[PDB]
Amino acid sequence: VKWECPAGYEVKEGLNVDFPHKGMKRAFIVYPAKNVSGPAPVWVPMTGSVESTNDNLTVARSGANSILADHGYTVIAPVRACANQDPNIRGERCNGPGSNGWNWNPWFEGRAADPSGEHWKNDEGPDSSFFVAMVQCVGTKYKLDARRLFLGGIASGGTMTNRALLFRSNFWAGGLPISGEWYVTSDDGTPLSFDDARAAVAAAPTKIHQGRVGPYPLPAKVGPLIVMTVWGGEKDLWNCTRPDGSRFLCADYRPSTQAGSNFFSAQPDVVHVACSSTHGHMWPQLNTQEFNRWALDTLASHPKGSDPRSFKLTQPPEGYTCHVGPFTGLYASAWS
C-alpha cells in the first residue's frame, strides 16, 4: 500500500470535494479515529439506493456509521457519483437503473444485463478504483493501518462491497457486504433475469455461482480477506419503482448473500462469516451500534495476511446469528 494524493490535493477532516479520478470529480467525508495512537484501522461505509451518505453516516436508523470513529476507526465515506458530490442527495438521480453498461446507478457495482455491460466483465470500474485512490490519499494525512482497510455497505452499497472485494482483494483487508446483490448468471456468463437468477441458486444452493457483480469468470484465487456477509431474513427483498410509480419485486437477497458466502467460503485465504438477522432490507436495526462495533472489531481481529486458522469468532449482539462458512439456514440441505 502506498500513500499518495493527486498532486496538490489537500485532504481534510470532514467533507472533501473535487477529488480527481478517471475524469470524474468525487467527494468523500473523513472522520479520524478517536482514542487511537499510531495507525488506525479504516472503515469505508457506503450507503444504498435511497439513503444519503449523510444518512448512512449520522442517522441511527441508517447505521450512523460516523460513530465508528468514536470506536477507534478512521471512517472514510465516499459520496455516490450520481449524487454530484452532494452527501445529502437521497434517491434523486441515483435510485434507478445504471447507464454506460452499469446495472444500477448508485454505484458502479455490476455490469448491465445487455451487451453494453460486456466491458465491465474484467474492468473494476470507477468506483472500485476511486476508493483505493481515496484511502491512499487520506493515508498521507492520517495514520492508517494498511493491514486493516475495510469497506462495506447496505444494499447497492453491499453490492459495491462485493465488487470491490473481488477486484481489489490485494488492497482491502476485508469487508461487510450487507444485503448486497451478486447478480447471478449462468456459468458461461449469460445474464439471467431476476426470476431465473433466483431459481438458479435455489436449484444449486451450495455451488459457486458466477455473477455480474464481479469479474467474469470470478477469480480462481483472491488475496487474503475476512468477509462478513449479512442477510436480513425473509423480508430482505427490494421492490423497484417504475417511471409511473408502481412497484415490483426486483431483488431477493437470500440467493445473493448465499452465493457470495459460497464463493468467499471456498477461498483458502478468506475467512467468511455468514450472519443472519430479521430486520429486512435496511441497515441492521436490532442493537445497531452494538452490531457495527462487533462487526468492525471482528473484521479487525483478522488483519490482512492473518492465518484463517487463527480466527476466533465471538458472539454477536442479540438479534444476529453468525458462523464461519457459507450460509446454511437459507436453503434446505442436500442430505435432507
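Counting begins at 1, following the sequence as shown.
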property: Of 187-195 and 77-85, the stretch whose C-alpha atoms average the higher B-factor in the entry; result: 187-195
property: Higher-scoring stretch by recorded Cα B factor average, 31-39 or 263-271; result: 31-39
property: Highest-ranked of 174, 243, 177, 72 once sorted by CA temperature factor in the record; result: 243
property: Out of 204, 230, 138, 164, residue topping the C-alpha B-factor column of the entry; result: 204
property: Residue 99 by Cα B-factor - lowest, middle or highest third of the modelled chain; result: highest
property: CA B-factor placement of residue 148, once the chain's modelled residues are sorted into thirds; result: lowest
property: Assigned third (lowest, middle, highest) for the C-alpha B factor of residue 124; result: lowest
property: Among modelled residues of the same chain, the CA temperature factor third for residue 250; result: highest
property: Third assignment of residue 214 from its chain's C-alpha B-factors; result: middle
